[PDB]
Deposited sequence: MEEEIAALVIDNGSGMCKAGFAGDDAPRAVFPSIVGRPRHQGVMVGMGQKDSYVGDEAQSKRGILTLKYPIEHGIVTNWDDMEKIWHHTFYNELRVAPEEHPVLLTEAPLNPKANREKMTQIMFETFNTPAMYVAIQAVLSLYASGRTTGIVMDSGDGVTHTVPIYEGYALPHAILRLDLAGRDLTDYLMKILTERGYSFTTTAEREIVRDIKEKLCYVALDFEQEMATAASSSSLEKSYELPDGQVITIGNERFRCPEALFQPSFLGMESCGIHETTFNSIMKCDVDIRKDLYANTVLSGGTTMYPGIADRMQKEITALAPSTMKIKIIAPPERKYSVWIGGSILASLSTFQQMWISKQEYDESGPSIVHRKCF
């Protein structure tokens, strides 16, 4: 049975192909001790335990902006994935890894090198996250809107191939949305500044926030009735109430000025993306905008994307926003789907093929 690990900017999603959810979802962060001597009597901590010991540890996000940057910490994440979470020996399972769009050549070779020479897998493959997300929705052509923890990508894909010339990247996603939520709830009176309070504000975000269909009437409705307010109960029992904060926060995705960013907005980058593609394929793209990842999970986001792209596109363009219900983990699910196809058994990179040509083989097999 083949493994599927989504190497995410803030969460690693790992599991077994054939299942339709990852078994393990844990913070993709490595912690080492802050002062020696918390070490006397035992080395390093990964994942859920390293957030529990944040105060005796110096956290590092080895994959903060979607591209893995620290290979010693990635080695340890993957080791924790295989041996603690899934509880398997990697020599015993072909392994499908995901990569970010526009992933350097060498980052791909180094992924392959580690998987064969450090975990001694029989087989492996590397697919682009967005492509997997498109596959899980039964398309092989569209534009995927991938918004995770540390990075968002708008990724046009034509007959399975992500187009390097038109992929747009954008360093605003959930981590930034969670901090803004912190900021504005503080301005309201409720103090959230500690790393422990940051954790509750992430819960408040994923449970109560939503996208306004138009920002202004929602503000007007907030300013003129109680209907939008929602009570939220903290861990120590205190109850607080969230008002326009509920939608002011995810609004940051269409108005990065809210955070000081002079960027465009997930709708403008989507259009900009589509317009670096050949005219002949834009109609297909516009009719297959696929939303994907944890940060597209806000109620109302499909409908506003519909509205805003309709405002940017030519007046006859047929426009579809596809936002699956499973899109929190649709990268991984497309991975699970792919690994399971029988025809995919002819496409693994084999242990044999690897020491015949070394890590550069990834370029000739995975594209």
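Stretches of the deposited sequence left without coordinates are 1-5, 48-50, in sequence order.
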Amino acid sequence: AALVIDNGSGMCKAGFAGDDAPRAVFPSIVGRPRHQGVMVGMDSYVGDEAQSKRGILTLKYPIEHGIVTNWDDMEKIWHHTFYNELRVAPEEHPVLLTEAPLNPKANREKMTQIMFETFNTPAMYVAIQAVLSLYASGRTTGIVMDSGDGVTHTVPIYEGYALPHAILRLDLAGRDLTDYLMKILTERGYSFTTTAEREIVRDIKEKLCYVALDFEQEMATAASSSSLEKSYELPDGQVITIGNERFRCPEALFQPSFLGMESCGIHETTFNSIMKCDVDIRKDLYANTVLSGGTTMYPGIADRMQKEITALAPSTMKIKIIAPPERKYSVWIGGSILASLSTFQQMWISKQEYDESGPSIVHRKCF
From here on, numbers count along this sequence of modelled residues.
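Look at the mean CA B-factor for 153-161 and for 184-192 in the entry; the higher one is 184-192.
For the pair 46-54 and 326-334, the record assigns the higher mean C-alpha temperature factor to 46-54.
For the set 309, 321, 339, 63, the PDB entry assigns the largest Cα B-factor to 63. Residues shown: 262, 99, 206, 146. Highest C-alpha temperature factor in the entry: 262.
Per-chain ranking of the deposited C-alpha B factor places residue 283 in the middle third. Residue 317: CA B factor in the middle third of modelled residues in this chain (values from the PDB entry).
Sort the modelled residues of the chain by CA B factor and residue 174 lands in the middle third. When all modelled residues of the chain are sorted by CA temperature factor, residue 16 is found within the lowest third. Sorting the modelled residues of the chain by their CA temperature factor places residue 271 in the lowest third.
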